[PDB]
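Chains as they are written, first to last, in the authors' numbering: chain C, 3 to 293, 300 to 309, 316 to 335, 350 to 988, 1007 to 1167, 1174 to 1355; chain F, 477 to 535. Cβ coordinates follow ideal geometry from the N, Cα and C atoms, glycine included. The structure under discussion appears below in the form of structure tokens.
Structure below.
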């Protein structure tokens, strides 16, 4: 509706979802880094979480040998030296330098004095390093092909009680391993065994008793059982049975002793329940019973008592003047009764080789757990512990307190037999999600600890008095940590940027693998499941199908990450009956106590009138009444993610097949002319507006002009005097995405159309009218057409390839180097000798391909002339050279060439010359054209700025014959001074803005002329950007919108396709067998809705062609579409977009039911059966059955046939094994594996196996022989010893083995 | 002296000479001090004159 739906009005189908607006999709990583990098003034730097906290915790250090402190005042964040648009091309680190304040003091002097001559601080400052400031779209550009950091889901810090499921048990008993997982430190395990004893299995190394751990803390021995036992009201020998005991625990126990009352009696021999005996004892002023022996007497008891509780007596020496049995058993099994022995045992467990010492062992345990420097348990860990086991306020303390271990042991021994449920280790709230913010904070803390160690080692040598500021602080490990985090980290491994949805789903991707979490193998079948608390916070359908399933599940559309780390999904809070509007993001930990009722419930005008609303009180869904309901779901799509929210009729799809469709929504290339789906989802507009590569109007003013490359916008309807002026949006042209695909933007706004702030001005890759459009809607017939779609393959019409509707660009952008080799500097001149003139075409004098010249597969791209030594002089080659008179070229051909493909044209050829000698004799015209275009765009920006400035000045002066004097823009030419002064101030501010722009442009041109950033070896690097125009050739993995994937079948002409009743031929002919097998019947419902929308569009466009803007057309649009009536004259433009089918925004779970689709088909002139008569195209006959012919939203998934095809008879071979390389990188060969060699082994094809893995690949002396034989004509070969067996016997011979052939 | 004499040999996998190891250490120390005091990373041609050595040798 905000200039994005007015021309693409989507008839919504949700009942009434307006609980809470969904947050920004990229807001997860944005808000994460915005607590890791404040980037504001001093009062805004107060952040207990982020880089500031770790820095202030690691930066201040002391010197115990010289009394030198290194204080931290604050750090100042500077702007990035390179812009994102300029850093994407330079392929450098889009980072900003970190400036931190230093203060070294020597006040603490000797002679019992606290102030020295240099006691005053110096206020130093050191260049910490450059950190990759998060882009506005959340990309984290470290180099070319920007990689976004996926969030990680590691085990949240805190105590855990993983009750064993019988595995590793004696016979069938449980273990109840109480393990506290610290945020940064050593793990602790308090598991049990078959002997019913608690063992502190520290970090799963040894199984020493917990009594040693208690002795290490100091609270063990005669004081550890105080909270476990107590004194009994027993007496001594006297008349009868005298004892001042109170009966309070004798119920449900047989009367082993006659504990009858004193006067009358009680405690009968039955002892059934003691319901009356307890009441009588309580009402009789105490349960005075007149009565064991073999009990536990380990209570507090040195003159008459002794250590240990083992009497086996009848209380000799005047007695020394079934719920809990764990503590007494561990104290006896422990062989260490002294804290020193426990410390020695702990030291031997941790470091068995090192000899344990008295103070060394005590220091080891303290540094391990009692030290906050090593056992850095985050605040989230402490709060999680306080919630699991109740404790006092401990947010400040991080290390596990001595009282915390006691409470952990008590809760463990309580939960061993009931007394509260265990803490599931596979809970969403139990698994706190970490993002790029926390990950970078932890790795920067590690780097700062390394830098602190280096500074402590270096400060002992250099004195602090009269020392150069920041001379001992290093900067290598500071930036090295972030470089490794963005260079080869598992979390920063890649950024799926095939389309705006792939970026969002990749940014909102919680990967459970990587450093700090379980690897791909470590996952297992437990973490690869979906817990009930995952509902609303993490999508259960959108997940990779490969081995990493359940580990890289993306975050929900509404879910947010709290400050602690837990995922907080929104929940519309409701009172008794009446559901209020107050919403709160309830974390998964606090969601268990609260009862939740799902959305899509029939609520009345003021409350819910169902009284049997569905929902789940804690994970398990049940039928909760209207009352006793406090939390309600915000929207039905809260459970699905961004990539899954765009699946129309997703409630109809299968739980498994929707995972296939949700994964391909993010795996759809950006198509040219791609329009929004007719049966799309309302989430598409939000995902396209809250994604990257789409320019959003940051102002309210009206657009001035649009030329594709840029779009100028006025300031606003109410703009400040000199705040920002006009804001021009430089539209991103066809640049190679991270997936080697196109990223193009089109100025959807027209010249002279007012646009409010916050809306999408120009569409991004695969978008139309602001809405996300992964592909184009094509007429689909779900019928098996002549077997071309027998399997999941998808038949195709020529109209979907002839009209250029499913064609992308896929800019490869190959890279070439000119590194100075040891045998002379490598050259990039015109061409290498011994090359035909046909391949040298399309090359300028520099040697690179001309910008815009089509290059066939294998043609010369950049001539690389690499000097080397004299090649091996062969006699035949020397004779040939002497015969032809030529001379042997001393240089080897190394010019870059295009691999086998259909790339063709070249978009951009960027050259990065060395700073030393740049543009000397190569790439001069390239840099000249670059500076010419830069000056041209600068002049255009200056002209538009001057135009809008003159317009504003005229608007301001007209209110304060001006046409006869146009030169009075800077002078009033009258007696006025206040107005003239204000105009002069505004003009000087605008001139300062122009000067700042000119300064930025001159800095850019100076950086270009001085030499771009090049590696240390290569001096001239050419980055040729070749762009393809891949059509819909047979082989492209054109998958549907719901999960019905399939390779495109043979491209049938637009004549053989099945004819419709109106004469139109369907663009695709799918297979109906995919619906019954994989229950994705929503694809059929989605196709019916698309057919209804297409018929409505054909009816409206057929109604506008006869009468443009007719009085009756608005009536039909209102009947079909209420936010439709618009006072503007855009109705003539809205129908132009609706002619291709009126789009629909169907919710993920509140869309149109069967009755809604039926009514839509009736009102859209569609047959009520949903299908339609479809005449055959091949032969031509009315099919004797209703065929479904709708407008399905097909995609153009990146798994094409071009990027996946491969054929290499003989390519470059490896070195360790001399085998052909793998993959399509460099002429690879399909690896013939053990499981694929067994296919021929079981077969009689042993000659193939004697030539496929003997002479084909791993026979350097047999491969050439067989190739020469095949070229000669005879199909004979020979191969005795392959290179694989040779390297194997050489490796075995490397050891003490005697692998040696014989006879 | 023994660690610096041996670390300079059995650490690069190519047995870089001791004097070349000390030269590269001096170069990296100069680059670090320049990043700390002067500002951005200096060009490789500037490091040749910053240490009073041949320009081609530093390259």
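{"query": "Any C-beta of chain C under 8 Å from that of residue 489 of chain F", "result": "no"}
{"query": "First through last residue of the alpha helix (DSSP H) which encompasses residue 409 of chain C", "result": "407–416"}
{"query": "Every unbroken beta strand (DSSP E) inside the segment 1035–1084 of chain C [3 residues or more]", "result": "1066–1072"}
{"query": "Where residue 444 of chain C sits in the DSSP three-state scheme", "result": "coil"}
{"query": "Straight-line Cα distance separating residue 895 of chain C from residue 796 of chain C", "result": "52 Å"}
{"query": "Residue 1229 of chain C - DSSP class collapsed to helix/strand/coil", "result": "coil"}
{"query": "Per DSSP, cross-strand counterpart(s) of residue 510 of chain F", "result": "In DSSP, residue 510 of chain F forms no bridge with anything."}
{"query": "Cutoff 8 Å: residue 498 of chain C Cβ touching any chain F Cβ", "result": "yes"}
{"query": "Any chain C beta carbon closer than 8 Å to residue 480 of chain F", "result": "no"}
{"query": "Burial state of residue 678 of chain C (16 or more Cβ within 10 Å)", "result": "buried"}
{"query": "Residues of its chain near residue 497 of chain F, where Cβ-Cβ distance is below 7 Å and the 5 sequence neighbours each way are ignored", "result": "484"}
{"query": "First and last residue of the uninterrupted beta strand (DSSP E) at residue 940 of chain C", "result": "934–941"}
{"query": "Top-ranked residue by Cα proximity to residue 32 of chain C, from C/462, C/1348 and C/614", "result": "C/462"}
{"query": "Identity of the residues DSSP links to residue 800 of chain C by a beta bridge", "result": "C/795"}
{"query": "Simplified DSSP state of residue 492 of chain F, which is helix, strand or coil", "result": "coil"}
{"query": "Proximity test, Cβ basis, 8 Å: residue 519 of chain F and chain C", "result": "yes"}
{"query": "C-beta atoms of residue 518 of chain C and residue 542 of chain C nearer than 8 Å", "result": "yes"}
{"query": "Test: residue 97 of chain C CB closer than 8 Å to a CB of chain F", "result": "no"}
{"query": "Cross-strand partners of residue 646 of chain C (DSSP beta bridge)", "result": "C/648"}
{"query": "Cβ neighbours of residue 590 of chain C in the same chain (closer than 8 Å, five flanking residues each side left out)", "result": "596, 613 and 615"}
{"query": "Contact with chain F by residue 944 of chain C, beta-carbon distance below 8 Å", "result": "yes"}
{"query": "Neighbouring residues, chain F, relative to residue 503 of chain C (Cβ below 8 Å)", "result": "508, 511 and 512"}
{"query": "Strand pairing of residue 843 of chain C, partner residues [DSSP]", "result": "C/1069"}
{"query": "Close-in-space but distant-in-sequence residues of the same chain around residue 480 of chain C (CB under 6 Å, 5 per side omitted)", "result": "60 and 63"}
{"query": "beta-carbon residue 273 of chain C near the ligand ADP non-hydrogen atom, thresh 7 Å", "result": "This structure simply doesn't include the ligand ADP, nor any ligand for that matter."}
{"query": "Distance between beta carbons of residue 1272 of chain C and residue 1224 of chain C, contact taken as under 8 Å", "result": "That pair is no contact at about 53 Å."}
{"query": "Residue ranges of each alpha helix (DSSP H) within the segment 43–117 of chain C, 4 or longer", "result": "53–60 and 86–92"}
{"query": "Nearest-angstrom Cα separation, counted from residue 136 of chain C out to residue 227 of chain C", "result": "54 Å"}
{"query": "In chain order, each alpha helix (DSSP H) run of at least 4 residues that lies wholly inside the segment 701–737 of chain C", "result": "711–717"}
{"query": "Per-residue burial, residue 1041 of chain C [other beta carbons within 10 Å of its own, 16 or more giving buried]", "result": "exposed"}
{"query": "Where residue 486 of chain F falls, given that 16 or more other Cβ within 10 Å makes a residue buried", "result": "exposed"}
{"query": "Residue burial classification, residue 160 of chain C (beta-carbon count within 10 angstroms, cutoff 16)", "result": "buried"}
{"query": "Pair within 8 Å by beta-carbon distance, residue 668 of chain C and residue 569 of chain C", "result": "yes"}
{"query": "Proximity test, Cβ basis, 8 Å: residue 74 of chain C and chain F", "result": "no"}
{"query": "Alpha-carbon spacing of residue 1050 of chain C relative to residue 837 of chain C, whole angstroms", "result": "29 Å"}
{"query": "Under 8 Å by beta carbon: chain F residues contacting residue 990 of chain C", "result": "In the model shown, chain C runs from 988 to 1007 with nothing in between, leaving residue 990 of chain C without coordinates."}
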